[PDB]
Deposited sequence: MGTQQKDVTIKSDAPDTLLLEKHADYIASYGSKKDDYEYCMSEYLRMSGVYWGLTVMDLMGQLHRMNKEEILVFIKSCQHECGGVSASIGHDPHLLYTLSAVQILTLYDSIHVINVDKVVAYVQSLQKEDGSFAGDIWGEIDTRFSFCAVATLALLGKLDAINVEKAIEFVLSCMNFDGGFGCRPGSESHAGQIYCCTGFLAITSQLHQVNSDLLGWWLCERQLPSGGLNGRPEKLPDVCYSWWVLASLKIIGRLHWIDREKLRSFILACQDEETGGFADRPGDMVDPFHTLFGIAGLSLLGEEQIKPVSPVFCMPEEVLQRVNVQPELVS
């Protein structure tokens, strides 16, 4: 019932040229950008991935980004969001995804990344995000996705990691941050991605979880991240990707969702916003474009629902977890 109402002159066509132009000049306009330096590495990942999905990766600065990444790896092996910031699993994953996109993994010390990830696993199988010990299933996903891309999943205690994630499964079939936490689309994505990577999707109740996920779709066509919230274009990723992983993508109304996603584009500046007529950003641009790819848009490369990277990239490194269907 909390929902948006899409306006009749909302964009109803895909504006790929405008989106590629927007991403290509992002962070050059210079600007209060600035502000978000604490997530720069992930920001770089969002921009590069969306450009690669659109066939425009070449318009970004490969050599510049490789030097940036190398300078963000700390002595411990972990990667920070930006120079001078502290290492964290979130930015270690983003860095490794970028290097995978660029087939440049040995730009960083891979052995030390593996040792950093290994070091953050706790006795109950969970992962802290960094040395300060915040525990979240997001970090379980970051750890196994990073390791899978490096060919090193065997470096962690996988059965204990699985046990922890399964302890986060809820009455409604979903997953939250930590044991006891309420179900949230974001955490469901992390956990179903984790279970895909570790070959445990048989432990998910796909019919129950799938229902919870498809009930995220509001009359507007957009998806929310949990009951009674407003829809947001990045749930087009979190919810759809989860549904794809568990074989239930056809349980949402694809045409209505596609219309919602297209309505979130800015026809003048390019990019996507969280909701129609809000301000655009690279995060929502990636997730809008990636959502459209999952829905089968022909102008966009197929996207991995687990890694949010072009499938052709994952095929190259031979890391393509089996999904339910």
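- Residues 1-4, 35-36 of the deposited sequence have no C-alpha coordinates in the model.
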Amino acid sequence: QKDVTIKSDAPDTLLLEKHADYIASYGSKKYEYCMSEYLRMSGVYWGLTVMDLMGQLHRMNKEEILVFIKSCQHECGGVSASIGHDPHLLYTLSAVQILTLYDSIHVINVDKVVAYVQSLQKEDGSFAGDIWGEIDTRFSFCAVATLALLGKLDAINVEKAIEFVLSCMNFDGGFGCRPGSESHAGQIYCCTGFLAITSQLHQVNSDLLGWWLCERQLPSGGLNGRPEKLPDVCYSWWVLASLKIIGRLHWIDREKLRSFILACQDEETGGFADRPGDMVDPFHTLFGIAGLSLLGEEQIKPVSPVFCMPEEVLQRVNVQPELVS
From here on, numbers count along this sequence of modelled residues.
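We call the rigid core the largest set of C-alpha positions that still match within 1.5 Å between the two forms.
- Structural divergence in 8 other deposited structures of this protein between 32-40 and 260-268: following superposition by the core, 32-40 has C-alpha atoms lying farther from the shown form.
- Displacement analysis by core superposition in 8 other deposited structures of this protein ranks 230-238 above the other of 209-217 and 230-238 in root-mean-square C-alpha distance from the shown form.
- Between the stretches 165-173 and 224-232, it is 224-232 that shows the larger average CA temperature factor.
- Here 206-214 and 111-119 are compared by their mean Cα B-factor, and 111-119 comes out higher.
- Out of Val50, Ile69, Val44, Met35, it is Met35 whose C-alpha atom has the highest B-factor in the PDB entry.
- Note on the listed residues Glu255, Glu182, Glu159, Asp124: the highest Cα temperature factor in the record is that of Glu255.
- Split the chain's modelled residues into thirds by C-alpha temperature factor. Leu101 is in the middle one.
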